[PDB]
file query_0.txt (compact mmCIF, C-alpha atoms)
# COMPACT_ATOMS: atom_id res chain seq x y z
CA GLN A 1 0.00 0.00 0.00
CA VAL A 2 1.02 3.64 0.44
CA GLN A 3 4.26 4.05 2.35
CA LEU A 4 6.17 7.15 3.47
CA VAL A 5 9.56 7.02 5.18
CA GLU A 6 11.08 10.13 6.74
CA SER A 7 14.80 10.50 7.30
CA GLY A 8 17.35 13.15 8.15
CA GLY A 9 16.31 14.06 11.66
CA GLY A 10 18.68 14.40 14.57
CA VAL A 11 20.26 16.83 17.00
CA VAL A 12 21.14 20.28 15.67
CA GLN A 13 22.39 23.39 17.44
CA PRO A 14 20.21 26.50 17.27
CA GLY A 15 20.92 28.68 14.28
CA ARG A 16 22.19 25.84 12.12
CA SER A 17 20.34 24.17 9.25
CA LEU A 18 19.02 20.68 8.61
CA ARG A 19 17.49 18.96 5.60
CA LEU A 20 14.72 16.39 6.00
CA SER A 21 13.70 13.98 3.27
CA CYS A 22 10.63 11.79 2.75
CA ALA A 23 10.78 8.76 0.49
CA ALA A 24 7.45 7.71 -1.01
CA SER A 25 6.43 4.39 -2.51
CA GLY A 26 3.31 2.45 -3.29
CA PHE A 27 1.69 5.19 -5.37
CA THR A 28 2.46 7.66 -8.12
CA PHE A 29 4.29 10.27 -6.08
CA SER A 30 4.47 12.84 -8.87
CA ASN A 31 0.69 13.04 -9.09
CA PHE A 32 0.04 14.28 -5.55
CA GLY A 33 0.77 17.31 -3.44
CA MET A 34 2.43 16.82 -0.09
CA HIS A 35 2.40 18.32 3.38
CA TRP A 36 4.95 18.56 6.12
CA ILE A 37 3.33 18.56 9.53
CA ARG A 38 5.08 18.67 12.88
CA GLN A 39 3.99 17.59 16.32
CA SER A 40 5.31 18.81 19.63
CA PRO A 41 4.15 18.23 23.20
CA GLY A 42 3.69 21.96 23.74
CA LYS A 43 1.73 22.89 20.64
CA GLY A 44 0.21 19.61 19.50
CA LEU A 45 -0.26 19.13 15.79
CA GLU A 46 0.87 22.06 13.68
CA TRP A 47 0.89 22.31 9.90
CA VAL A 48 4.21 23.42 8.43
CA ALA A 49 4.19 23.51 4.64
CA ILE A 50 2.43 22.33 1.49
CA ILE A 51 3.74 21.81 -2.03
CA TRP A 52 1.87 21.24 -5.27
CA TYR A 53 2.41 18.11 -7.33
CA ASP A 54 4.64 20.01 -9.75
CA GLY A 55 6.13 22.41 -7.22
CA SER A 56 4.51 25.42 -8.84
CA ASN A 57 2.78 26.61 -5.65
CA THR A 58 4.10 26.35 -2.11
CA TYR A 59 2.64 27.62 1.14
CA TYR A 60 4.09 27.87 4.63
CA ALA A 61 2.86 28.48 8.12
CA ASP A 62 3.46 31.96 9.47
CA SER A 63 5.81 30.79 12.20
CA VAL A 64 8.18 29.26 9.62
CA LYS A 65 7.76 31.52 6.60
CA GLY A 66 11.10 32.72 5.35
CA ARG A 67 13.11 30.07 7.19
CA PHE A 68 11.89 26.73 5.81
CA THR A 69 11.90 25.74 2.16
CA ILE A 70 9.88 22.80 0.90
CA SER A 71 10.80 21.19 -2.40
CA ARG A 72 10.46 17.90 -4.22
CA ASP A 73 12.26 15.67 -6.71
CA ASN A 74 9.64 13.79 -8.71
CA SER A 75 12.32 11.87 -10.59
CA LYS A 76 13.55 10.44 -7.28
CA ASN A 77 10.11 10.35 -5.63
CA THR A 78 11.54 12.33 -2.74
CA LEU A 79 10.13 15.23 -0.75
CA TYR A 80 12.58 17.66 0.87
CA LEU A 81 12.38 20.24 3.66
CA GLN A 82 15.35 22.56 4.12
CA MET A 83 15.18 24.16 7.57
CA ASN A 84 17.35 27.22 8.19
CA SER A 85 17.77 29.43 11.26
CA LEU A 86 16.27 26.86 13.61
CA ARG A 87 14.89 28.08 16.94
CA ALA A 88 14.26 26.15 20.12
CA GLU A 89 10.52 25.89 19.48
CA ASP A 90 11.08 23.95 16.25
CA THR A 91 11.91 20.80 18.22
CA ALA A 92 9.21 18.35 17.20
CA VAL A 93 8.40 15.15 15.36
CA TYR A 94 8.00 15.90 11.67
CA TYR A 95 5.67 13.91 9.43
CA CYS A 96 5.27 14.04 5.69
CA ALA A 97 1.75 13.47 4.49
CA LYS A 98 -0.01 12.78 1.20
CA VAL A 99 -2.96 14.81 -0.01
CA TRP A 100 -6.02 12.70 -0.69
CA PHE A 101 -7.71 12.48 -4.07
CA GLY A 102 -10.92 14.47 -4.38
CA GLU A 103 -13.09 16.59 -6.65
CA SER A 104 -11.82 19.53 -8.66
CA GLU A 105 -13.48 22.24 -6.57
CA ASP A 106 -13.10 20.69 -3.12
CA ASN A 107 -10.66 21.73 -0.45
CA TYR A 108 -7.91 19.28 0.33
CA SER A 109 -6.00 17.89 3.30
CA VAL A 110 -3.93 14.79 4.04
CA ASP A 111 -4.99 11.17 4.31
CA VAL A 112 -1.78 9.14 4.75
CA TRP A 113 0.90 10.17 7.21
CA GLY A 114 4.50 9.08 7.26
CA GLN A 115 6.28 7.40 10.12
CA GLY A 116 7.78 10.57 11.54
CA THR A 117 11.30 11.75 12.36
CA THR A 118 12.38 13.48 15.55
CA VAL A 119 14.16 16.83 15.43
CA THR A 120 15.66 18.26 18.62
CA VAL A 121 16.95 21.83 18.53
CA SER A 122 19.16 22.35 21.57
CA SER A 123 22.57 23.76 22.42
CA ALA A 124 23.28 20.89 24.81
CA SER A 125 26.29 18.70 24.07
CA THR A 126 26.18 14.91 23.97
CA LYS A 127 26.64 13.66 27.52
CA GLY A 128 26.22 10.28 29.17
CA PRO A 129 23.83 9.87 32.08
CA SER A 130 24.41 9.80 35.81
CA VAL A 131 22.76 6.76 37.41
CA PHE A 132 21.67 7.18 41.01
CA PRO A 133 19.99 4.51 43.15
CA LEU A 134 16.49 4.98 44.51
CA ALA A 135 17.13 2.93 47.63
CA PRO A 136 14.22 1.16 49.35
CA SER A 137 13.83 1.38 53.11
CA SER A 138 11.17 1.37 55.81
CA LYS A 139 9.82 4.61 54.32
CA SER A 140 9.18 2.82 51.00
CA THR A 141 7.45 -0.25 52.44
CA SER A 142 3.70 -0.82 52.85
CA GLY A 143 2.94 -4.32 54.06
CA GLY A 144 4.81 -6.95 52.08
CA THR A 145 5.49 -4.64 49.12
CA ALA A 146 8.51 -2.36 48.69
CA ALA A 147 9.56 0.01 45.91
CA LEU A 148 13.06 0.59 44.51
CA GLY A 149 14.41 2.17 41.37
CA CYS A 150 17.08 4.00 39.40
CA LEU A 151 17.34 7.71 38.56
CA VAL A 152 18.87 8.44 35.15
CA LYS A 153 19.83 12.11 35.31
CA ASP A 154 21.53 14.68 33.08
CA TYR A 155 21.87 13.00 29.71
CA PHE A 156 21.52 14.31 26.18
CA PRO A 157 20.08 13.55 23.81
CA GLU A 158 17.15 11.19 23.87
CA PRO A 159 16.67 8.30 24.19
CA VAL A 160 17.95 5.96 26.88
CA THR A 161 16.94 2.37 27.54
CA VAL A 162 16.53 0.89 31.02
CA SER A 163 16.25 -2.80 31.84
CA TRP A 164 16.17 -4.73 35.11
CA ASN A 165 18.36 -7.76 35.76
CA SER A 166 19.21 -7.95 32.05
CA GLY A 167 15.51 -8.24 31.26
CA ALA A 168 14.77 -10.99 33.78
CA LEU A 169 12.55 -8.64 35.83
CA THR A 170 9.62 -7.13 33.93
CA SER A 171 6.60 -7.60 36.21
CA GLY A 172 5.79 -4.33 37.94
CA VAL A 173 8.35 -2.16 36.15
CA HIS A 174 7.41 1.45 35.41
CA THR A 175 9.87 3.52 33.39
CA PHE A 176 8.63 7.08 33.28
CA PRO A 177 8.91 9.26 30.18
CA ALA A 178 11.88 11.58 30.23
CA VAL A 179 11.52 15.20 31.30
CA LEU A 180 13.52 18.15 29.97
CA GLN A 181 15.23 20.16 32.69
CA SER A 182 16.11 23.84 32.85
CA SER A 183 19.68 22.93 31.91
CA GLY A 184 18.55 21.31 28.66
CA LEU A 185 19.42 17.84 29.95
CA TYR A 186 16.92 15.02 30.21
CA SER A 187 16.16 12.96 33.30
CA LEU A 188 13.84 10.07 34.11
CA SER A 189 13.14 7.41 36.69
CA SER A 190 12.42 3.69 36.60
CA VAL A 191 10.73 1.99 39.54
CA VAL A 192 9.73 -1.56 40.43
CA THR A 193 7.68 -3.08 43.24
CA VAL A 194 9.10 -6.19 44.90
CA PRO A 195 8.11 -8.42 47.82
CA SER A 196 9.49 -6.92 51.01
CA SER A 197 10.52 -10.40 52.15
CA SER A 198 13.01 -10.51 49.27
CA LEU A 199 15.00 -7.41 50.25
CA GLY A 200 18.60 -8.06 51.23
CA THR A 201 18.72 -11.44 49.47
CA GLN A 202 17.55 -10.95 45.88
CA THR A 203 19.94 -8.85 43.79
CA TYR A 204 18.45 -6.06 41.66
CA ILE A 205 20.58 -4.26 39.08
CA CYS A 206 19.32 -1.70 36.58
CA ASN A 207 20.98 -1.67 33.15
CA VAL A 208 21.03 1.77 31.53
CA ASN A 209 22.12 1.98 27.90
CA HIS A 210 22.68 5.19 25.91
CA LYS A 211 23.71 4.49 22.32
CA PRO A 212 24.52 8.12 21.31
CA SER A 213 27.36 8.11 23.83
CA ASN A 214 27.90 4.31 23.88
CA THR A 215 27.21 4.36 27.62
CA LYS A 216 26.40 1.10 29.40
CA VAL A 217 25.93 1.26 33.17
CA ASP A 218 24.91 -1.55 35.50
CA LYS A 219 23.93 0.06 38.81
CA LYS A 220 23.33 -2.10 41.87
CA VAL A 221 20.55 -0.92 44.19
CA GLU A 222 21.09 -1.67 47.88
CA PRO A 223 18.64 -1.10 50.77
CA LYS A 224 19.11 1.40 53.58
CA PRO B 109 -70.68 48.92 16.79
CA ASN B 110 -69.94 51.65 14.22
CA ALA B 111 -66.39 52.66 15.08
CA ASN B 112 -64.02 54.26 12.63
CA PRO B 113 -63.01 51.63 10.04
CA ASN B 114 -60.02 53.60 8.69
CA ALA B 115 -56.58 54.64 9.92
CA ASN B 116 -56.12 57.44 12.44
CA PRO B 117 -54.15 58.44 10.24
CA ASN B 118 -52.04 60.22 12.88
CA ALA B 119 -50.97 56.87 14.33
CA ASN B 120 -47.48 55.70 15.18
CA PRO B 121 -45.27 55.93 12.05
CA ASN B 122 -42.05 54.71 13.71
CA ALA B 123 -40.69 51.34 14.76
CA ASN B 124 -42.10 49.61 17.82
CA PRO B 125 -39.11 49.06 18.67
CA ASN B 126 -40.16 46.10 20.81
CA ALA B 127 -41.29 44.32 17.64
CA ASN B 128 -40.02 40.89 16.76
CA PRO B 129 -36.20 40.95 16.52
CA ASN B 130 -35.73 37.26 15.70
CA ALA B 131 -35.76 35.57 12.31
CA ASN B 132 -39.18 34.42 11.21
CA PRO B 133 -38.95 30.64 10.65
CA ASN B 134 -41.70 30.77 8.02
CA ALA B 135 -39.69 33.13 5.85
CA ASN B 136 -38.72 32.54 2.23
CA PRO B 137 -36.44 29.46 2.08
CA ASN B 138 -36.05 29.55 -1.72
CA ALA B 139 -33.60 31.41 -3.88
CA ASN B 140 -34.74 34.76 -5.20
CA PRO B 141 -34.84 34.13 -8.96
CA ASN B 142 -34.16 37.77 -9.80
CA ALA B 143 -31.15 38.19 -7.55
CA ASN B 144 -27.67 39.31 -8.42
CA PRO B 145 -26.46 37.25 -11.41
CA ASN B 146 -23.28 39.18 -12.17
CA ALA B 147 -19.80 38.46 -10.91
CA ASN B 148 -18.82 40.32 -7.79
CA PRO B 149 -15.99 42.79 -8.46
CA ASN B 150 -15.20 42.70 -4.75
CA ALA B 151 -14.60 38.99 -4.38
CA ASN B 152 -11.63 36.80 -3.68
CA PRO B 153 -8.90 37.60 -6.24
CA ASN B 154 -6.25 35.40 -4.64
CA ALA B 155 -5.65 31.67 -5.03
CA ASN B 156 -7.25 29.33 -2.56
CA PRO B 157 -4.47 27.59 -0.61
CA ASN B 158 -6.67 24.52 -0.21
CA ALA B 159 -7.36 24.18 -3.93
CA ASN B 160 -6.66 20.89 -5.63
call {"tool": "encode", "arguments": {"input": "query_0.txt", "output": "structure tokens"}}
result
Amino acid sequence: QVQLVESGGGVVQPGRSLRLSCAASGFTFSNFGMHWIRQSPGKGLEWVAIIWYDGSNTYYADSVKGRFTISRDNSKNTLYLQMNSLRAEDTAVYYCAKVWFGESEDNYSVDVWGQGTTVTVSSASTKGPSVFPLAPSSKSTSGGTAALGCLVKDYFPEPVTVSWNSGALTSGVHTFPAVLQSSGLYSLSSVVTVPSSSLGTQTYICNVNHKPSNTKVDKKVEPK
Amino acid sequence: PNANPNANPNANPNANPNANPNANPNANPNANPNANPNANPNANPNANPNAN
């Protein structure tokens, strides 16, 4: 069926440029106009640009007019978005989308969305995480259930993976979504509930992995 | 009985103004055949962004 694959996203410092591409297959790409639409947690869904099937007419959102340039290569079946003078608020997931087929006098929007590519505009440098133990004690025990965890602090960029006992412990694990701090570094927590009668005897180790920095940390969590 | 069957005619010539301000539901719901058939000089001269 129809398939759209975005590529080109990554980490870019503010003020620099970045070029996104969208490879289309499963349909005659040269016969359809295309949209670029971005999604951010702060603004939700936000239309960015539209291009005609032949590139004759292009339109842009007001917040990006003059900085972004949408183009296409119908011989390569590729849609392009050149982004210049990036600001912090442009960090979002960018989707390409295909205009649906309709009648000659109708208004048009998109019916098939691409997979999406993440763009993070930040001046933070690549940095491995600091792993701190969330130690269980009497203050984290209610009956026969205790809670312990690992705090993964001050890393950039996203994402990081957390496992417990090399994947052997999955029941009751809650890894929270990362939060962006005032310093531009991300931080998150991962917690697990265990039988209180197992504390002190069963070994629990959290395995944090961060591919952008090739960081692998096995942190042992001991009670207080 | 045998009251005056004509106008005053010095009656009220102004609005009520407490008359009905709503839209009469039993109005004309059809198109006025002799309405404006010309093109509007003050219309949209741009290109619809949502056009095909």
call {"tool": "closest_atom_pairs", "arguments": {"input": "query_0.txt", "of": "chain A", "to": "chain B", "cutoff": "8 Å", "atoms": "only C-alpha atoms", "output": "JSON lines"}}
result
{"residue": "A:59", "atom": "CA", "partner": "B:157", "partner_atom": "CA", "distance": 7.3}
{"residue": "A:102", "atom": "CA", "partner": "B:160", "partner_atom": "CA", "distance": 7.8}
{"residue": "A:103", "atom": "CA", "partner": "B:160", "partner_atom": "CA", "distance": 7.8}
{"residue": "A:104", "atom": "CA", "partner": "B:160", "partner_atom": "CA", "distance": 6.1}
{"residue": "A:105", "atom": "CA", "partner": "B:159", "partner_atom": "CA", "distance": 6.9}
{"residue": "A:106", "atom": "CA", "partner": "B:159", "partner_atom": "CA", "distance": 6.8}
{"residue": "A:107", "atom": "CA", "partner": "B:158", "partner_atom": "CA", "distance": 4.9}
{"residue": "A:108", "atom": "CA", "partner": "B:158", "partner_atom": "CA", "distance": 5.4}
{"residue": "A:109", "atom": "CA", "partner": "B:158", "partner_atom": "CA", "distance": 7.5}
call {"tool": "atom_distance", "arguments": {"input": "query_0.txt", "atom1": "CA of residue 120 in chain A", "atom2": "CA of residue 151 in chain A"}}
result
22.6 Å
call {"tool": "closest_residue", "arguments": {"input": "query_0.txt", "among": "A:192, A:64, A:168, A:51", "to": "residue 97 in chain A", "atoms": "all atoms listed in the file"}}
result
A:51
call {"tool": "closest_residue", "arguments": {"input": "query_0.txt", "among": "A:209, A:222, A:26, A:136", "to": "residue 194 in chain A", "atoms": "only C-alpha atoms"}}
result
A:136
call {"tool": "residues_around", "arguments": {"input": "query_0.txt", "residues": "residue 224 in chain A", "least_positions_apart": "4", "cutoff": "12 Å", "atoms": "all atoms listed in the file", "output": "list in words"}}
result
residues 133, 134, 135, 136, 137, 138, 139, 140, 141, 148, 199 and 200 of chain A
call {"tool": "atom_distance", "arguments": {"input": "query_0.txt", "atom1": "CA of residue 60 in chain A", "atom2": "CA of residue 43 in chain A"}}
result
16.9 Å
call {"tool": "residues_around", "arguments": {"input": "query_0.txt", "residues": "range 47-50 of chain A", "least_positions_apart": "4", "cutoff": "8 Å", "atoms": "only C-alpha atoms", "output": "ChimeraX atom specification"}}
result
/A:33-38,58-61,64,70
call {"tool": "atom_distance", "arguments": {"input": "query_0.txt", "atom1": "CA of residue 180 in chain A", "atom2": "CA of residue 167 in chain A"}}
result
26.5 Å
call {"tool": "closest_residue", "arguments": {"input": "query_0.txt", "among": "A:115, A:202, A:13, A:125", "to": "residue 87 in chain A", "atoms": "only C-alpha atoms"}}
result
A:13
call {"tool": "axis_aligned_box", "arguments": {"input": "query_0.txt", "around": "range 164-182 of chain A", "padding_each_side": "8 Å", "output": "lines of an AutoDock Vina configuration file"}}
result
center_x = 12.5
center_y = 6.4
center_z = 34.0
size_x = 29.4
size_y = 50.8
size_z = 24.0
call {"tool": "build_atoms", "arguments": {"input": "query_0.txt", "residues": "range 85-115 of chain A", "atoms": "N, CA and C atoms", "output": "PDB file, in the coordinates of the input"}}
result
ATOM      1  N   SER A  85      17.966  28.540  10.117  1.00  0.00           N
ATOM      2  CA  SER A  85      17.770  29.430  11.260  1.00  0.00           C
ATOM      3  C   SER A  85      16.836  28.815  12.299  1.00  0.00           C
ATOM      4  N   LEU A  86      17.141  27.586  12.699  1.00  0.00           N
ATOM      5  CA  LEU A  86      16.270  26.860  13.610  1.00  0.00           C
ATOM      6  C   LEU A  86      16.258  27.511  14.986  1.00  0.00           C
ATOM      7  N   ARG A  87      15.077  27.590  15.580  1.00  0.00           N
ATOM      8  CA  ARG A  87      14.890  28.080  16.940  1.00  0.00           C
ATOM      9  C   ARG A  87      14.510  26.920  17.845  1.00  0.00           C
ATOM     10  N   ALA A  88      14.527  27.192  19.147  1.00  0.00           N
ATOM     11  CA  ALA A  88      14.260  26.150  20.120  1.00  0.00           C
ATOM     12  C   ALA A  88      12.865  25.560  19.951  1.00  0.00           C
ATOM     13  N   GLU A  89      11.885  26.387  19.596  1.00  0.00           N
ATOM     14  CA  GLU A  89      10.520  25.890  19.480  1.00  0.00           C
ATOM     15  C   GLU A  89      10.289  25.006  18.269  1.00  0.00           C
ATOM     16  N   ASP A  90      11.255  24.863  17.371  1.00  0.00           N
ATOM     17  CA  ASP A  90      11.080  23.950  16.250  1.00  0.00           C
ATOM     18  C   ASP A  90      11.331  22.495  16.612  1.00  0.00           C
ATOM     19  N   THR A  91      11.744  22.192  17.833  1.00  0.00           N
ATOM     20  CA  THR A  91      11.910  20.800  18.220  1.00  0.00           C
ATOM     21  C   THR A  91      10.560  20.091  18.187  1.00  0.00           C
ATOM     22  N   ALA A  92      10.457  19.067  17.352  1.00  0.00           N
ATOM     23  CA  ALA A  92       9.210  18.350  17.200  1.00  0.00           C
ATOM     24  C   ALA A  92       9.460  17.092  16.382  1.00  0.00           C
ATOM     25  N   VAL A  93       8.436  16.262  16.293  1.00  0.00           N
ATOM     26  CA  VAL A  93       8.400  15.150  15.360  1.00  0.00           C
ATOM     27  C   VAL A  93       7.761  15.619  14.078  1.00  0.00           C
ATOM     28  N   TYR A  94       8.460  15.440  12.967  1.00  0.00           N
ATOM     29  CA  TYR A  94       8.000  15.900  11.670  1.00  0.00           C
ATOM     30  C   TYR A  94       7.496  14.742  10.829  1.00  0.00           C
ATOM     31  N   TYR A  95       6.283  14.885  10.310  1.00  0.00           N
ATOM     32  CA  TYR A  95       5.670  13.910   9.430  1.00  0.00           C
ATOM     33  C   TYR A  95       5.504  14.514   8.043  1.00  0.00           C
ATOM     34  N   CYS A  96       5.778  13.725   7.013  1.00  0.00           N
ATOM     35  CA  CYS A  96       5.270  14.040   5.690  1.00  0.00           C
ATOM     36  C   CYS A  96       3.935  13.371   5.497  1.00  0.00           C
ATOM     37  N   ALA A  97       3.092  13.984   4.679  1.00  0.00           N
ATOM     38  CA  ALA A  97       1.750  13.470   4.490  1.00  0.00           C
ATOM     39  C   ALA A  97       1.309  13.694   3.057  1.00  0.00           C
ATOM     40  N   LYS A  98       0.482  12.783   2.572  1.00  0.00           N
ATOM     41  CA  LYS A  98      -0.010  12.780   1.200  1.00  0.00           C
ATOM     42  C   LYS A  98      -1.404  13.371   1.149  1.00  0.00           C
ATOM     43  N   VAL A  99      -1.627  14.270   0.201  1.00  0.00           N
ATOM     44  CA  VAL A  99      -2.960  14.810  -0.010  1.00  0.00           C
ATOM     45  C   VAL A  99      -3.849  13.729  -0.599  1.00  0.00           C
ATOM     46  N   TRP A 100      -5.098  13.677  -0.152  1.00  0.00           N
ATOM     47  CA  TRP A 100      -6.020  12.700  -0.690  1.00  0.00           C
ATOM     48  C   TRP A 100      -6.509  13.124  -2.065  1.00  0.00           C
ATOM     49  N   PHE A 101      -7.104  12.181  -2.785  1.00  0.00           N
ATOM     50  CA  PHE A 101      -7.710  12.480  -4.070  1.00  0.00           C
ATOM     51  C   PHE A 101      -9.160  12.893  -3.851  1.00  0.00           C
ATOM     52  N   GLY A 102      -9.576  13.958  -4.522  1.00  0.00           N
ATOM     53  CA  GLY A 102     -10.920  14.470  -4.380  1.00  0.00           C
ATOM     54  C   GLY A 102     -11.486  15.074  -5.642  1.00  0.00           C
ATOM     55  N   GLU A 103     -12.483  15.931  -5.505  1.00  0.00           N
ATOM     56  CA  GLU A 103     -13.090  16.590  -6.650  1.00  0.00           C
ATOM     57  C   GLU A 103     -12.346  17.874  -6.968  1.00  0.00           C
ATOM     58  N   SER A 104     -12.603  18.405  -8.160  1.00  0.00           N
ATOM     59  CA  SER A 104     -11.820  19.530  -8.660  1.00  0.00           C
ATOM     60  C   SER A 104     -12.021  20.791  -7.839  1.00  0.00           C
ATOM     61  N   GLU A 105     -13.206  21.010  -7.293  1.00  0.00           N
ATOM     62  CA  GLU A 105     -13.480  22.240  -6.570  1.00  0.00           C
ATOM     63  C   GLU A 105     -13.459  22.073  -5.059  1.00  0.00           C
ATOM     64  N   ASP A 106     -13.138  20.891  -4.558  1.00  0.00           N
ATOM     65  CA  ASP A 106     -13.100  20.690  -3.120  1.00  0.00           C
ATOM     66  C   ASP A 106     -11.831  21.283  -2.531  1.00  0.00           C
ATOM     67  N   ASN A 107     -11.867  21.498  -1.223  1.00  0.00           N
ATOM     68  CA  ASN A 107     -10.660  21.730  -0.450  1.00  0.00           C
ATOM     69  C   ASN A 107     -10.019  20.418  -0.053  1.00  0.00           C
ATOM     70  N   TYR A 108      -8.721  20.469   0.201  1.00  0.00           N
ATOM     71  CA  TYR A 108      -7.910  19.280   0.330  1.00  0.00           C
ATOM     72  C   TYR A 108      -7.117  19.290   1.630  1.00  0.00           C
ATOM     73  N   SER A 109      -6.876  18.102   2.162  1.00  0.00           N
ATOM     74  CA  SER A 109      -6.000  17.890   3.300  1.00  0.00           C
ATOM     75  C   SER A 109      -5.312  16.545   3.104  1.00  0.00           C
ATOM     76  N   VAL A 110      -4.793  15.959   4.172  1.00  0.00           N
ATOM     77  CA  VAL A 110      -3.930  14.790   4.040  1.00  0.00           C
ATOM     78  C   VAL A 110      -4.674  13.565   4.533  1.00  0.00           C
ATOM     79  N   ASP A 111      -4.379  12.426   3.917  1.00  0.00           N
ATOM     80  CA  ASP A 111      -4.990  11.170   4.310  1.00  0.00           C
ATOM     81  C   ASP A 111      -4.009  10.130   4.817  1.00  0.00           C
ATOM     82  N   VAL A 112      -2.778  10.119   4.330  1.00  0.00           N
ATOM     83  CA  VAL A 112      -1.780   9.140   4.750  1.00  0.00           C
ATOM     84  C   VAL A 112      -0.604   9.898   5.321  1.00  0.00           C
ATOM     85  N   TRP A 113      -0.228   9.559   6.543  1.00  0.00           N
ATOM     86  CA  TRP A 113       0.900  10.170   7.210  1.00  0.00           C
ATOM     87  C   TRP A 113       2.099   9.245   7.190  1.00  0.00           C
ATOM     88  N   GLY A 114       3.278   9.839   7.197  1.00  0.00           N
ATOM     89  CA  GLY A 114       4.500   9.080   7.260  1.00  0.00           C
ATOM     90  C   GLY A 114       4.746   8.563   8.659  1.00  0.00           C
ATOM     91  N   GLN A 115       5.916   7.963   8.828  1.00  0.00           N
ATOM     92  CA  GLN A 115       6.280   7.400  10.120  1.00  0.00           C
ATOM     93  C   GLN A 115       6.720   8.453  11.113  1.00  0.00           C
TER      94      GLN A 115
END
